[PDB]
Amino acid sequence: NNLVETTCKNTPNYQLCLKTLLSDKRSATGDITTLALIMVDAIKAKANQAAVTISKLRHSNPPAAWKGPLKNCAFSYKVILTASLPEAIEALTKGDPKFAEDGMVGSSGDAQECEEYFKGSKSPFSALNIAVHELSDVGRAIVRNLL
């Protein structure tokens, strides 16, 4: 909480980091690694929401021009959920935190890539992509403490 405030101050979004960490009881007696793991779980929650939203859209007679965007978004979130985040959790838990930094850089970039497919047009789950990107950037910053 002092630790939580100090940690969050050294991220790109203080209040998002605060709200996210304090929502999890593990933060009260956390150390920095615990805080990074809480952050990874927050990213995972949003990424799963994104994946399900993509599936719904793909199965709901979407605009023809969203075919590629949604297919590539589906791939982007599959990378996040099956590779990037599991890698971060394992590395933080029992490995080299550099790989967790890799995973957050990956998720940050993958959410951004997904949003940019809709450039020029309405992005149907913009706020989710933005959340995954922003939370991943907060996670990168938290993990940097461990390097």
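Definition used throughout: the rigid core is the maximal C-alpha set that superposes within 1.5 Å between two forms. Quick note: we count residues from 1 along the sequence shown, nothing fancier.
K.L.:
Once everything is fitted on the core, do the CA positions of 91-99 or those of 24-32 lie farther from the shown form in 7 other deposited structures of this protein?
P.N.:
Greater root mean square C-alpha distance in 7 other deposited structures of this protein: 91-99.
K.L.:
Can you check whether 101-109 or 63-71 lies farther from the displayed model in 7 other deposited structures of this protein, averaging C-alpha distances as RMS after superposing on the core?
P.N.:
Per-stretch check in 7 other deposited structures of this protein: the more divergent one is 63-71.
K.L.:
Take the C-alpha B-factors listed in the entry for 101-109 and for 27-35, compute each mean, and give the stretch with the larger one.
P.N.:
Taking the mean B-factor of the alpha carbons in each, 27-35 is higher.
K.L.:
For the stretches 115-123 and 46-54, which has the higher mean C-alpha B-factor as given in the deposited record?
P.N.:
Taking the mean C-alpha B-factor of 115-123 and of 46-54, the larger value falls to 115-123.
K.L.:
Would the CA B-factor of residue 9 place it in the lowest, middle or highest third of its chain?
P.N.:
Residue 9: CA B-factor falls in the lowest third of its chain.
K.L.:
For the chain shown, is the CA B-factor of residue 18 in the lowest, middle or highest third of its modelled residues?
P.N.:
Middle third of the chain for residue 18's C-alpha B-factor.
K.L.:
Consider only the C-alpha atoms of the modelled residues in this chain, order them by B-factor as the entry records it, and name the third containing residue 67: lowest, middle or highest.
P.N.:
CA B-factor rank for residue 67: highest third.
K.L.:
Classify residue 81 as lowest, middle or highest third according to the C-alpha B-factor given in the PDB entry, relative to its own chain.
P.N.:
Middle third.
K.L.:
Where does the C-alpha B-factor of residue 130 rank in its chain, lowest, middle or highest third?
P.N.:
Within its chain, residue 130 is a lowest-third residue by C-alpha B-factor, going by the deposited values.
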